[PDB]
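Quick note: numbers below take in every heavy atom, side chains included, and nothing from hydrogens, waters or symmetry partners. Every chain is numbered from 1, with letters handed out A, B, ... down the list of sequences.
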Amino acid sequence: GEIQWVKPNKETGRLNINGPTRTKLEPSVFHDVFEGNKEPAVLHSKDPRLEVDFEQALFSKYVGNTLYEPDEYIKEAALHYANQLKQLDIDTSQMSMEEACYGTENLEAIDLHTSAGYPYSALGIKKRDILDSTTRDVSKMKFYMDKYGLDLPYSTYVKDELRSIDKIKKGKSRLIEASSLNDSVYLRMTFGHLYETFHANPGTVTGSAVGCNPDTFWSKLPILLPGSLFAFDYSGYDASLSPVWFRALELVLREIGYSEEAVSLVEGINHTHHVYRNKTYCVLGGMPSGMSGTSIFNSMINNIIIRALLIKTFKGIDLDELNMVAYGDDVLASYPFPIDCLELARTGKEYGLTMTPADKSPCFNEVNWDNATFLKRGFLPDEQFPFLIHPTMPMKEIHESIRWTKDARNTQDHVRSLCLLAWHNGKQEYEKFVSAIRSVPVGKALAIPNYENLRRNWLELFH
RNA sequence: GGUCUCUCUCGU
RNA sequence: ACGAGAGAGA
Ligand SMILES: Nc1ccn([C@@H]2O[C@H](COP(=O)(O)OP(=O)(O)OP(=O)(O)O)[C@@H](O)[C@H]2O)c(=O)n1
Ligand SMILES: [Mg+2]
Ligand SMILES: [Mg+2]
Ligand SMILES: [Zn+2]
């Protein structure tokens with residue numbers, strides 16, 4: 001992904017889009033009970049913690065583009081993946097605006113506690129002014145779309161969140177693209193049934209884990225990924241996608257049976273326009289993370305990428321013995337023989353991809369179930385029932401969340417949520433966690449889940 | 001101050 | 001089941 005041009009809003013006639021500059025993350029009453037090295041991300045250009053030009057760091061993720069048209073390996077990869085999806089029988093028909101706005105049993109409705117994007121953001125109008133859950137009316141929406149049309153520019157914000165201090169110093173905060181409600185509901189109408197199918201079949205057939213529950217999915221992963229494992233993260237995944245991969249995505253969508261009208265929207269994703277403060281800018285390539293179906297499309301492109309790198313990098317690869325699941329750019333995959341991920345990365349850099357170990361560490365090493373991670377969680381077999389697998393969130397990542405808050409009114413909700421992650425690390429680590437919470441006044445006022453009840457509730461999930 | 005998924009909590 | 005809120009993950 002590379003920025004093509006940057007004109008002021010005056011020259012493009014776009015309305016300015018004003019974004020918050022102050023973090024909502026105050027330190028919590030547990031801020032000094034637990035060690036930790038994450039701080040709220042840099043959001044103002046004058047953040048004293050900066051050591052690099054701010055706006056230059058945010059946009060440094062647009063590495064640039066390499067390929068524009070698919071080669072032989074990427075075509076073969078795309079078709080292999082697409083024939084895999086055929087067995088799901090995606091209904092490619094247009095979804096109706098009622099279900100697209102208000103949801104179905106396998107696709108939650110448009111979030112009305114969040115913005116409506118350009119231009120509504122600047123016009124003061126909110127999503128709840130167009131859609132009501134109770135009537136499930138679409139007339140108010142059908143009207144507005146007719147009036148502003150589609151291909152509406154994305155609104156660029158910086159994300160308020162705890163980040164590494166390396167990334168605070170180097171100004172590498174995350175950019176999100178606020179979709180226009182019009183673009184969002186049109187994508188849902190075009191691809192609603194594919195979203196539905198993906199959410200309802202996490203696993204190695206979608207090659208996706210969107211919709212999975214780690215508490216139960218982890219026990220299946222060793223069965224869905226037999227053989228020797230490998231695993232990746234990508235550095236700057238969304239911006240690092242050259243337009244070739246969107247062409248390759250069109251190949252997949254055609255081959256599962258979408259109309260020439262439907263695949264035409266892919267170019268609207270490969271080629272996007274964004275407002276940030278008082279400027280407009282055009283991005284070619286790169287996924288606009290914040291669009292409808294971000295996770296699902298990131299995951300599908302990843303299935304294409306991995307396949308394409310294997311058959312290009314190694315002779316004698318057989319893509320039918322490959323199992324993988326992707327959640328966005330997180331990969332966990334397996335193959336009957338060991339795969340030298342160092343070579344897949346060399347290939348990726350040729351396509352403009354920066355592949356890294358899952359942990360984002362400096363060297364690749366062998367990956368097996370005892371050191372694997374997916375969605376930050378490890379794999380730890382139960383002591384009594386070794387075929388059940390605990391998703392283990394590391395205690396350090398739990399300690400970092402508990403040290404901050406966006407509203408102390410929710411302290412108990414927060415700690416409870418964290419306890420439900422923590423106890424998979426076992427009774428000793430868990431009770432060390434709970435004793436720490438109890439070592440401060442507010443902690444002794446909180447209801448904390450009892451370990452055995454958590455373990456009993458977990459074991460009941462398999463009945 | 002986006003798209004999603006998952007889990008929890010509070011309400012007839 | 002339906003509404004309200006939270007946390008985590010991508
Ligand atoms: N809050 C987030 C985080 C992730 N993503 C999507 O998931 C992708 C990968 O997630 P992640 O690895 O966390 O971010 P990266 O872009 O790869 O940056 P990094 O180098 O830090 O891994 C992103 O590119 C983005 O498209 C998202 O939409 N919203
Ligand atoms: Mg990444
Ligand atoms: Mg990732
Ligand atoms: Zn353009």
Side-chain angles (χ1 to χ4, degrees), chain A residues 17 19-21 23 25 41 43 103 106-107 109-112 114-118 121 132 154-162 173-181 184-185 187-188 191 195 198-200 202 208-218 233-234 237-238 269 274 276 287-299 302 325-331 358 373-377 391 393-394 398 400-402 404-408 410-422 424 446-447 449 454 457-458 461:
Chain A
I17 273 160
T21 88
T23 290
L25 291 151
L43 311 152
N106 272 316
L107 166 67
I110 288 174
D111 197 4
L112 318 166
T114 46
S115 176
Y118 195 100
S121 184
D132 62 23
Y154 291 92
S155 328
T156 298
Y157 305 103
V158 180
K159 168 99 200 125
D160 191 23
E161 60 179 355
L162 302 177
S173 304
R174 181 172 339 259
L175 290 172
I176 65 103
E177 330 295 333
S179 194
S180 170
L181 173 46
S184 298
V185 69
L187 287 156
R188 292 171 67 114
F191 300 106
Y195 296 175
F198 266 59
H199 298 163
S208 168
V210 178
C212 88
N213 176 4
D215 264 348
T216 47
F217 198 64
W218 256 228
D233 201 82
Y234 294 71
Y237 179 72
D238 62 343
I269 285 326
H274 310 257
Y276 171 78
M287 171 84 57
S289 298
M291 58 164 328
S292 171
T294 300
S295 298
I296 280 82
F297 285 133
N298 272 358
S299 305
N302 209 349
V325 300
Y327 201 123
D329 72 329
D330 288 33
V331 191
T373 56
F374 183 57
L375 314 182
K376 275 198 198 181
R377 295 120 161 121
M393 181 64 69
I398 298 174
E400 263 303 6
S401 180
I402 194 180
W404 306 79
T405 179
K406 287 182 140 157
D407 191 329
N410 322 114
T411 296
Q412 162 130 47
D413 304 357
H414 185 183
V415 166
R416 176 168 171 84
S417 290
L418 298 189
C419 289
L420 307 191
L421 305 166
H424 292 297
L446 301 178
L454 296 181
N457 302 335
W458 185 59
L461 288 165

Closest to the [X] side chain, choosing from [options]:
X: A:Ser295; options: B:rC8, B:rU3, B:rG2; result: B:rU3
X: A:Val210; options: B:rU5, B:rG1, B:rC6; result: B:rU5
X: A:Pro214; options: B:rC6, B:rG1, C:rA8; result: B:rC6
X: A:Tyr327; options: C:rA10, B:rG1, B:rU7; result: C:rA10
X: A:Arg377; options: B:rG1, C:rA10, C:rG9; result: C:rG9
X: A:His414; options: B:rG2, C:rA8, C:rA10; result: C:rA8
X: A:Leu418; options: C:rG7, C:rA10, B:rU3; result: C:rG7
X: A:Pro20; options: C:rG9, B:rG1, B:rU5; result: B:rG1
X: A:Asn410; options: C:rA8, C:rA6, C:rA10; result: C:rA6

Original post:
Between C:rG9 and B:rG2, how far is it from one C1' atom to the other, in whole Å?
Top reply: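 Each nucleotide's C1' atom is 16 Å from the other's.
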Whole angstroms only, please: what is the [atom1]-[atom2] distance between [X] and [N]?
X: A:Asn213; N: B:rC4; atom1: CG; atom2: P; result: 20 Å
X: A:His424; N: C:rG9; atom1: NE2; atom2: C1'; result: 14 Å
X: A:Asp330; N: B:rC6; atom1: CG; atom2: P; result: 17 Å
X: A:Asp132; N: C:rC2; atom1: CG; atom2: P; result: 16 Å
X: A:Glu400; N: C:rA8; atom1: CD; atom2: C1'; result: 14 Å
X: A:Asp111; N: B:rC4; atom1: CG; atom2: P; result: 8 Å
X: A:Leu375; N: C:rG7; atom1: CG; atom2: P; result: 19 Å
X: A:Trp218; N: B:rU7; atom1: CH2; atom2: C1'; result: 13 Å

Given side chains that start at C-beta, do those of [X] and [Y] come closer than 4.5 Å, heavy atoms only?
X: A:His424; Y: A:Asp215; answer: yes
X: A:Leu418; Y: A:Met393; answer: no
X: A:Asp160; Y: A:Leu25; answer: yes
X: A:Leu454; Y: A:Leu420; answer: yes
X: A:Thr405; Y: A:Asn410; answer: no
X: A:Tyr154; Y: A:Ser179; answer: yes
X: A:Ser299; Y: A:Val210; answer: yes

Respond yes when some side-chain nitrogen or oxygen of [X] is under 4.0 Å from OP1 or OP2 of [N], and no when none is.
X: A:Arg174; N: B:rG2; value: no
X: A:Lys159; N: B:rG1; value: no
X: A:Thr114; N: B:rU3; value: yes
X: A:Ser121; N: B:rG1; value: yes
X: A:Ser401; N: C:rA8; value: yes
X: A:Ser292; N: B:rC4; value: yes
X: A:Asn298; N: C:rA10; value: no

**OP:** Classify the nucleic acid contact of A:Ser299 as base, sugar-phosphate or nothing, counting any heavy atom under 4.0 Å across all strands shown.
**Re:** nothing
Original post:
Which part of the nucleic acid, if any, lies within reach of A:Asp215 when heavy atoms closer than 4.0 Å are counted: base, sugar-phosphate only, or nothing?
Top reply: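 Nothing, no nucleic acid heavy atom in range.
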**OP:** For the pair A:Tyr234 (side chain) and A:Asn302 (backbone), establish whether a donor and an acceptor sit closer than 3.5 Å, ignoring hydrogens and angles.
**Re:** no
List every contact pair, protein side and nucleotides 9-12 of chain B side both N or O, where the distance is under 3.5 Å.
residue	atom	partner	partner atom	Å
B:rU9	OP1	A:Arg416	NH2	3.1

**OP:** Would you check if there is a donor-acceptor pair between the side chains of A:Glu177 and A:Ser155 at a distance under 3.5 Å?
**Re:**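 Side-chain D/A pair, A:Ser155 to A:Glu177: absent.
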Original post:
Quick one: on RNA chain B, does A:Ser417 or A:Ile176 contact a more 5' nucleotide (nearest heavy atom)?
Top reply: A:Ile176
